[PDB]
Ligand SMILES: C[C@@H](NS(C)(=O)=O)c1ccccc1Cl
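A single chain comes next, written as structure tokens; it is the form deposited without the named molecule.
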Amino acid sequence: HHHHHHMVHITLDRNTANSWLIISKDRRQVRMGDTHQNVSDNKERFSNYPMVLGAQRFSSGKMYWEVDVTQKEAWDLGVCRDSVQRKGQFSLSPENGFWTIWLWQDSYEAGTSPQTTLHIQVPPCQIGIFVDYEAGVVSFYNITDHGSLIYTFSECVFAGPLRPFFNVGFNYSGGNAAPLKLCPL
């Protein structure tokens, strides 16, 4: 792809994080802690899943960033509306304000409703995410496989400002402790 020149510097918003997440000093990495991280509750925190938002809000333009997923077994990545539900159970779908892909149980899927099987021959260690606000597009790229296309959501109805979206996944297996990392420009 040729989207690299739209690179934006994303940082994580601590205030939105589930209370078990540990975000690095530079706000560029996040991992699952083994316990509650001793923060106060607030209405912004995702309560039921290991989720966090980027601090940046987008309402126009073209934006690109990259995320390192090395050695993870499960995660979700993409964008979401600023006003998505934070508390309780919900599915990741465009109807609920999410444009995402995930890894789960050795396969990759797009967060449509119902979900869509992805076709990935080279498991990615880094993911590229491209948003074209005006066009209504969210696309995902396999950086490990020379930038090959993973998935495009088109005809998106964002209906609000967008924020970068992350889920580090649970670590029931003991094999999913590795962080998500925002990769340098």
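Throughout, we count residues from 1 along the sequence that is shown.
Participant: May I ask you to compare 66-74 and 112-120 by their mean CA B factor in the entry and name the higher one?
Facilitator: Taking the mean B-factor of the alpha carbons in each, 112-120 is higher.
Participant: With reference to the PDB entry, specify whether the mean Cα temperature factor is higher for 89-97 or for 75-83.
Facilitator: Result of the comparison: 89-97.
Participant: Considering only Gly147, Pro50, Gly54, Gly136, which residue's Cα atom bears the greatest B-factor as recorded?
Facilitator: Answer for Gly147, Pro50, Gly54, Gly136: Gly147, with the highest C-alpha B-factor.
Participant: Just say lowest, middle or highest third for the CA B-factor of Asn176 relative to the other modelled residues in its chain.
Facilitator: Ranked within chain, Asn176 CA B lands in the lowest tercile.
Participant: Rank-wise, by C-alpha B-factor, drop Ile127 into the lowest, middle or highest third of its chain.
Facilitator: Middle third, going by the recorded CA B-factors of the chain.
Participant: Among all modelled residues of this chain, ranked by Cα B factor, put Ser154 in the bottom, middle or top third, i.e. lowest, middle or highest.
Facilitator: As the PDB entry reports it, the C-alpha B-factor of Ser154 lands in the middle third of its chain.
Participant: Please rank the C-alpha B-factors of the chain's modelled residues and tell me whether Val168 sits in the lowest, middle or highest third.
Facilitator: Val168: CA B-factor falls in the lowest third of its chain.
Participant: In terms of the chain's CA B-factor thirds, is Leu12 lowest, middle or highest?
Facilitator: CA B-factor rank for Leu12: middle third.
In what follows, reference is made to the form solved in complex with the named molecule, a form of this protein that is not presented.
Participant: I need to confirm a contact call. Of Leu118, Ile143, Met63, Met32, which residue comes within 4.5 Å of the named molecule in the entry with it bound, counting heavy atoms only?
Facilitator: None of the other options qualify; the answer is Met32.
Participant: Can you work out whether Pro50 and the named molecule are in contact in the entry with it bound, taking contact to mean some heavy atom pair no more than 4.5 Å apart?
Facilitator: Yes, contact at 4.5 Å.
Participant: State yes or no: in the entry with it bound, is some non-hydrogen atom of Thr16 no more than 4.5 angstroms from a non-hydrogen atom of the named molecule?
Facilitator: No.
Participant: Give, in sequence order, every residue of 164-185 that has a heavy atom within 4.5 Å of the named molecule in the entry with it bound, or say none if there are no such residues.
Facilitator: In sequence order, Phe170, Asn171, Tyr172 come within 4.5 Å of the partner.
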